[PDB]
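Consider the single chain below, provided in structure tokens and representing the form deposited in one PDB entry.
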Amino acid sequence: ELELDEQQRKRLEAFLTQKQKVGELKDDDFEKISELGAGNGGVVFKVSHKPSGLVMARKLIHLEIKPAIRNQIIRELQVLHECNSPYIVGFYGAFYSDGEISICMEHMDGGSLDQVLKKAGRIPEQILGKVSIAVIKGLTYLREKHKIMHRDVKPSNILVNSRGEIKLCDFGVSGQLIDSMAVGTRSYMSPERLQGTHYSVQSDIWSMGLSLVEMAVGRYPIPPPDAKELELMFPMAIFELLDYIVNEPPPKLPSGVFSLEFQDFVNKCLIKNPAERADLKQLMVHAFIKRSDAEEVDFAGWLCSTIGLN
């Protein structure tokens, strides 16, 4: 899982070689190309780094804070330079300028999976098999190589591109940034996290499981759809919704339309007891993942056709 093929090794080396040419990121060295979309507490733009000519994704987080606080956030974000993986979005740098922190990243031309889902309606099982592999490996990388968990897996934090790559972003690195921003949705949080009890990487596995169900059925799955709505397919307030997650049984895929391997996979992800819930090691050898890994699915081609990359 941690071991890479030669295509992934070549691309990661190519990213770093280009990154070494960039140097120190400055506010005036960026030109706006387009707005990509309003995300977690800030607007993300597609931008050109004028000196290097590199296209980037730039998230601007508007905050009014003193030089002490903001300079601590920039040094905390420097660990993202070390997070080098085919399943983690590339980091160029971070800086402060005129009342707003900037985070500059690798541009992913396919966007996030909430955008792809909204375009697709629902995502096919075999496509979600490749999504599952990438999230597991991305989470395995952060945990093994950095002793880090994500803390915020959701469709908007899974980015994709026309080269067929699927990557994670917005994992917890800066404690001070979360303090100063305090925001994001808690609707993908695990029941034990919403109860404020012993939570770990198992909490991200729930979030993946729930995200996969949403992408599979084409709708955030809590509360469950009706028997009539499932036939048509194939309002709770946020506080009422978070109480439902803690108190009611977990969501499941509908039977018949998905394979029992995929149903079992998401079920093992959504067991409410984190001890009983499957771990990354167990999920990596799961029947769904083994089958998915063997399947030669053209994700890039599927993506481009679905979102209209001409």
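Numbers for residues come from their place in the sequence shown, where the first is 1. Think of the rigid core as the biggest set of C-alphas that the two forms share within 1.5 Å after superposition.
J.: How many residues sit between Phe234 and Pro235 in the deposited sequence but have no coordinates: none, 1 to 3, 4 to 9, or 10 or more?
T.: The entry has 10 or more unmodelled residues between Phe234 and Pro235.
J.: How many missing residues of the deposited sequence lie between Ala182 and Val183 in the entry, grouped as none, 1 to 3, 4 to 9, or 10 or more?
T.: The entry has 1 to 3 unmodelled residues between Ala182 and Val183.
J.: Comparing 292 to 300 with 5 to 13, which stretch shows the greater average C-alpha B-factor in the deposited entry?
T.: Comparing 292 to 300 with 5 to 13, the higher average CA B-factor belongs to 5 to 13.
J.: Hey, which bit's got the bigger mean C-alpha B factor in the entry, 45 to 53 or 61 to 69?
T.: The stretch with the larger mean CA B-factor is 61 to 69.
J.: Pick out which of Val116, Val135, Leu177, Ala216 has the highest C-alpha B-factor in the PDB entry.
T.: Within the set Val116, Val135, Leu177, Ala216, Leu177 shows the top C-alpha B-factor.
J.: Going by the CA temperature factor in the entry, name the top one among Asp204, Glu106, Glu125, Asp98.
T.: That would be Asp98, according to the entry.
J.: Could you tell me which third, lowest, middle or highest, the C-alpha B-factor of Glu192 occupies within its chain?
T.: Middle third, going by the recorded CA B-factors of the chain.
J.: How does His81 rank on Cα B-factor within its chain, lowest, middle or highest third?
T.: Middle third by C-alpha B-factor.
J.: With respect to C-alpha B-factor, does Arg163 fall in the lowest, middle or highest third of the chain as deposited?
T.: Within its chain, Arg163 is a middle-third residue by C-alpha B-factor, going by the deposited values.
J.: Ranking the modelled residues of this chain by C-alpha B-factor as given in the entry, is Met208 in the lowest, middle or highest third?
T.: Lowest third of the chain for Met208's C-alpha B-factor.
J.: Taking the entry's C-alpha B-factors for this chain, is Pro155 in the lowest, middle or highest third?
T.: Bottom third by C-alpha B-factor.
Not pictured, yet referred to below: the form deposited in another entry.
J.: Rigid core superposed, CA of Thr197 - does it shift 2 Å or more between this form and the one not shown?
T.: Yes; that C-alpha moves by at least 2 Å between this form and the one not shown.
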